[PDB]
Amino acid sequence: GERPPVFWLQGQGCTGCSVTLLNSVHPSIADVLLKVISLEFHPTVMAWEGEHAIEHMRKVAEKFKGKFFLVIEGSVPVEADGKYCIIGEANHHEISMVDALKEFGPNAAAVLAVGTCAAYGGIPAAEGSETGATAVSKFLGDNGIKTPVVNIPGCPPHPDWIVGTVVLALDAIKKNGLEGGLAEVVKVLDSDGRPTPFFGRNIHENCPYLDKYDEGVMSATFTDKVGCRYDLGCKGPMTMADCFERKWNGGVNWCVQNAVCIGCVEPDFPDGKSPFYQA
Amino acid sequence: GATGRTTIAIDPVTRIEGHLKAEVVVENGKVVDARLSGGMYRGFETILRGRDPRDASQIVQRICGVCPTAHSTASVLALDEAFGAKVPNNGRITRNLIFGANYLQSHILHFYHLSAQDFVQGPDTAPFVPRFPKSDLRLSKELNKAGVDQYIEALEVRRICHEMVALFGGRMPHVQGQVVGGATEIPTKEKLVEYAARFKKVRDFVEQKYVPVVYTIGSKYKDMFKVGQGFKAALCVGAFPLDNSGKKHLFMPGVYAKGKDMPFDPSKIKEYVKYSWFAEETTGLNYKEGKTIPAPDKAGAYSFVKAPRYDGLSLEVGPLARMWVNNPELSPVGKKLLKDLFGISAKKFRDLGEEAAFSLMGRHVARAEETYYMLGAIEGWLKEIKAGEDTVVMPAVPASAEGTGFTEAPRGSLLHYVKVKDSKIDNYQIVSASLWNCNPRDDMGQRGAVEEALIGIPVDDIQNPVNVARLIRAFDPXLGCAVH
Ligand code: SF4
Ligand code: SF4
Ligand code: FCO
Ligand SMILES: [Cl-]
Ligand SMILES: [Fe+2]
Ligand code: NI
Ligand SMILES: [S]
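Structural data, given as structure tokens:
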């Protein structure tokens, strides 16, 4: 196996999707970086900087045109001619996220929209915003760019959803080639672009407190772990994720055990899941 | 322009969080001017308006996935005040355990995964290559290898820190476990065993590897204690309450400027916007009257970061600021290595002297010393916490109220202010750590802290201007926090 080149571009992100990836257990992030992918551009962790880092990405992109994977973290703001997200400068000219996605988007093998912001707009697109924050797939489509997009949402996603999707795609490509493998990846996506291995089961239907929900036994304070969390605001009933089973951070907790689910993987997050602390 | 003055632009500045451009002017081999530009805006202060105020303690964390527990903390403290909620003693301690664990994560992440490549050559594969041809990497084969081995081990250690956060915080990034009224999960005896077992591994790494390597690497870069002083002015607003009466805190508040210590008065904070992309009529506001009206085309402005000033002073924040203001005893290993490697006799932090403390390498030293200091605080909270004792109250949303939460994020002072009207957020204003550090000029033309600290930085080779971003990284910037 040969580690494919990956560029990780951040738009209107919080870097939470990079940090969650650093928490991957099996494989560890060291193994991902040294054995699974070749992370050629990533502003948070790479050695080089500035125009030199941009030029390096461009040189790899030219050499591996059609073959590199493009990870997008954050939404893409279109208002004000892209000025709400400037990601770099080269040749004495600023590079907006709009510009960058139009440059690299057409030439990637596939775009992985990591996190709810990139997948669906997320908090930057929520009520009260004014930057034109746009989801990756919509931005690409609006600009005539047909490159396949896989959504890996969550705010943040679990590391296993990101790494697992990368591995699923690379394994499909090993088996059926680039075009055939990407066609197989698209077949495992739901109607919101999400891989069904991680997003095909509903939290509530699989929740350990479902018996209490059915019995009408509800907690009135967060620290009462006996009752169902519905009255405290749990959005498990309308959320598709496998958190009930893999849990978070090495299996030590998850949102429903600790507090409530806020529906962070869903296309309407946050506004359609708010208020968070009532039903 | 002018003959002899050469402009260098670096965008993106990498191995920080978020979107930053640095532009410097070099003359006679040194930086003589600087401008920092935060190039990405989201507008959390307007997104928050109209919401149930309780939602804030989730929404605000998405300002920054590196320091979300700091925003959670500032938000719930502001909401506690606005709602009249009395956090139970055991919930105060649980909050400190959740947030303190991310101080460990964040400082380790910063030194190894963001900063160490400034001094250490990584493996010959992306993302560790390519890099500047003359990267000024001075370590021996053996010490460089130790740096690489520790970088790799630190990937595990920082992950374990996030397991510690999640034990009572639910998950990380973006905890579920802090709310108005306290913490959502009472610590059990079994989960306290799990937290302590992980803490022991982190403690061992901090004591045996991290603190020693910072001094050891620093001893090969002694020139980096002689640059980066800037204004030599610092702010601390207090953090980690140690009682239920709001008095004693692990880090006590204070301001240091022009060689003088003075108390912190939050009414002296104002945010200027002349050089920021916000409407001119919003300049000069204290956070209780803050306004966020973007103006991305405004002539002369160069950043989405506002310019906070403290009674007109341009100050810095972070580990150096807190350790200088509070002046704790240095760690045993630090005292010994200061003597053995530098010839410095020191017992308390200020024994480094102002010049060496307020320096590029001094800020890395302060962060390592603070990490060691936090170990003792967390040990104290593990002794103090009581399994099974309630950690939360369930207050109703007030119809009209205000509240302010002050804390210290890993990178420096953080406050959140909330005004509630008709049971909804009427205003929410955030003044964050990298805002204090990475801001542009104010309406008086005075540079921000990092802009000023860049003055004098050596650039003997314009084609390999490595010390510009090295200085910036010493402040551990996150531009998501700075702009929000
Ligand atoms: S509402 Fe939440 S806590 Fe209750 S059964 Fe459904 S997912 Fe579980
Ligand atoms: S339990 Fe809900 S809020 Fe928590 S990570 Fe899963 S989907 Fe997101
Ligand atoms: N640490 C951290 Fe985040 C920043 N800067 C805040 O506040
Ligand atoms: Cl934090
Ligand atoms: Fe602000
Ligand atoms: Ni931050
Ligand atoms: S941060």
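Top line first, the protein sequences correspond to chains A and B.
The opening residue of the first sequence carries number 39 in full-length UniProt numbering; numbering runs sequentially from there.
The opening residue of the second sequence carries number 12 in full-length UniProt numbering; numbering runs sequentially from there.
Here a beta-carbon is modelled for each residue, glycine too, at the ideal position from N, C-alpha and C.
Give me the residue from the options with the minimum Cα distance to residue i.
i: B/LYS97; options: B/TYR321, B/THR402 and B/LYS152; result: B/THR402
i: B/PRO330; options: B/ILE119, B/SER83, B/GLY50 and B/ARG73; result: B/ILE119
i: B/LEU425; options: B/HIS30, B/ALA81, B/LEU352 and B/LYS269; result: B/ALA81
i: B/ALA388; options: B/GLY111, B/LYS435, B/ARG53 and B/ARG16; result: B/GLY111
i: B/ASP272; options: B/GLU365, B/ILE197 and B/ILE58; result: B/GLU365
i: B/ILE21; options: A/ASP228, A/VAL44, A/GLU132 and A/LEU248; result: A/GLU132
i: A/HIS64; options: A/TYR268, A/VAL264 and A/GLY288; result: A/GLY288
i: B/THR105; options: B/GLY311, B/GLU462, B/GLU400 and B/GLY459; result: B/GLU400
i: A/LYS285; options: B/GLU282, B/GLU174, B/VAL266 and B/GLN240; result: B/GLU174
i: B/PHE210; options: B/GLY491, B/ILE171, B/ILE441 and B/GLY192; result: B/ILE171
i: A/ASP309; options: B/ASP44, B/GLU56 and B/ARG62; result: B/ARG62
i: A/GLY159; options: A/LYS225, A/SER312 and A/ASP306; result: A/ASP306
i: B/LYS145; options: B/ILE473, B/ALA398 and B/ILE19; result: B/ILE473
i: B/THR57; options: B/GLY270, B/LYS430, B/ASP129 and B/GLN187; result: B/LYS430
i: B/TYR221; options: B/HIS124, B/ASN101, B/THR14 and B/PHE179; result: B/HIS124
i: B/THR294; options: B/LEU108, B/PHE94 and B/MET455; result: B/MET455
i: B/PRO409; options: B/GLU92, B/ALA45, B/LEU349 and B/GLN69; result: B/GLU92
i: B/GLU153; options: B/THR227, B/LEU108, B/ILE304 and B/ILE197; result: B/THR227
i: B/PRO339; options: B/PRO79, B/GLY414, B/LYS359 and B/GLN69; result: B/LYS359
i: B/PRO406; options: B/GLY95, B/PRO64, B/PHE236 and B/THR415; result: B/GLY95
Look at the Cβ atom of residue i, then the Cβ atom of residue j, and state whether they are nearer than 7 Å.
i: B/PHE216; j: B/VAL168; result: yes
i: B/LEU393; j: B/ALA207; result: yes
i: B/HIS427; j: B/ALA33; result: no
i: B/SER325; j: B/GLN457; result: yes
i: A/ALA171; j: A/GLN50; result: yes
i: A/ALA138; j: A/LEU47; result: yes
i: A/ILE67; j: B/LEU166; result: yes
i: B/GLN189; j: B/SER48; result: no
i: B/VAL36; j: B/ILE468; result: no
i: A/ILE241; j: A/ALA297; result: no
i: B/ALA127; j: B/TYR162; result: yes
i: A/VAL116; j: A/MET135; result: no
i: B/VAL316; j: B/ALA444; result: no
i: B/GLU380; j: B/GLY345; result: yes
i: A/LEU220; j: A/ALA148; result: yes
i: B/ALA332; j: B/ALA306; result: no
i: A/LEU150; j: A/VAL188; result: yes
i: B/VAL140; j: A/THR53; result: no
i: B/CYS247; j: B/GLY265; result: yes
i: A/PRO194; j: B/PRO319; result: no
i: A/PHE106; j: A/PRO43; result: yes
i: B/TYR439; j: B/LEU59; result: yes
i: A/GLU87; j: B/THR25; result: yes
i: B/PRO451; j: B/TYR298; result: no
i: A/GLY265; j: A/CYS299; result: no
Which residues does DSSP pair with residue i in a beta bridge?
i: B/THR418; result: B/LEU425
i: residue 500 of chain B; result: With chain B covering only 12 through 495, there is no way to say anything about residue 500 of chain B.
i: A/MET256; result: A/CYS266
i: B/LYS281; result: B/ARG320
i: B/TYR439; result: B/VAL429
i: A/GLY215; result: Paired residues: none, contrary to the question.
i: A/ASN291; result: A/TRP286
i: B/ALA310; result: The partner list for B/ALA310 (beta bridge, DSSP) is empty, contrary to what the question assumes.
i: A/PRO275; result: Note: A/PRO275 sits in no beta bridge, so no partner.
i: A/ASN189; result: A/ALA151
i: A/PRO43; result: A/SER76
i: residue 7 of chain B; result: In the structure as shown, chain B begins at 12 and stops at 495. Residue 7 of chain B is therefore absent and cannot be evaluated.
i: B/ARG46; result: B/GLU34
i: A/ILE124; result: A/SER134
i: A/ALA171; result: A/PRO115
Members of the region 75 to 87 of chain A that neighbour chain B once the beta carbon cut-off is set at 8 Å: Contacts with chain B (Cβ-Cβ distance below 8 Å) from the region 75 to 87 of chain A involve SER76, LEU77, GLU78, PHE79, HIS80, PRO81, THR82, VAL83, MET84, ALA85, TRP86 and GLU87, listed in chain order.
Short-range partners of chain A found in the region 221 to 250 of chain B, where Cβ spacing is below 8 Å: Within the region 221 to 250 of chain B, no residue qualifies.
Environment of ligand 4 in chain order, Cβ to heavy atom below 5 Å: Cβ-based neighbours of ligand 4 within the cut-off: B/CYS78, B/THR80, B/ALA81 and B/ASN113.
Chain A contacts from the region 134 to 158 of chain B (Cβ-Cβ distance under 9 Å): Look at the region 134 to 158 of chain B: the residues with a C-beta under 9 Å from a C-beta of chain A are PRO134, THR136, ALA137, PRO138, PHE139, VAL140, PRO141, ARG142, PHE143 and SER146.
Contact set between the region 115 to 128 of chain A and chain B, restricted to residues whose Cβ is under 7 Å from the partner: So the list reads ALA118, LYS121, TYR122, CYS123, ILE124, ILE125, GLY126 and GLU127, given in the order they occur along the chain.
Selection of the region 396 to 418 of chain B by Cβ proximity to chain A, strictly under 7 Å: From the region 396 to 418 of chain B, only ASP401, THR402, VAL403 and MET405 have a Cβ closer than 7 Å to chain A.
Residues, ordered as in the chain, of the region 176 to 187 of chain B that lie near chain A by beta-carbon distance below 9 Å: Contact annotation: in the region 176 to 187 of chain B, residues whose CB is within less than 9 Å of a CB in chain A are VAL176, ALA177, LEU178, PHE179, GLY180, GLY181, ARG182, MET183, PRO184, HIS185, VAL186 and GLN187.
Residues of the region 42 to 58 of chain B whose Cβ lies closer than 7 Å to any Cβ of chain A, in chain order: Result list: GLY50, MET51, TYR52, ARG53, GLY54, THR57 and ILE58.
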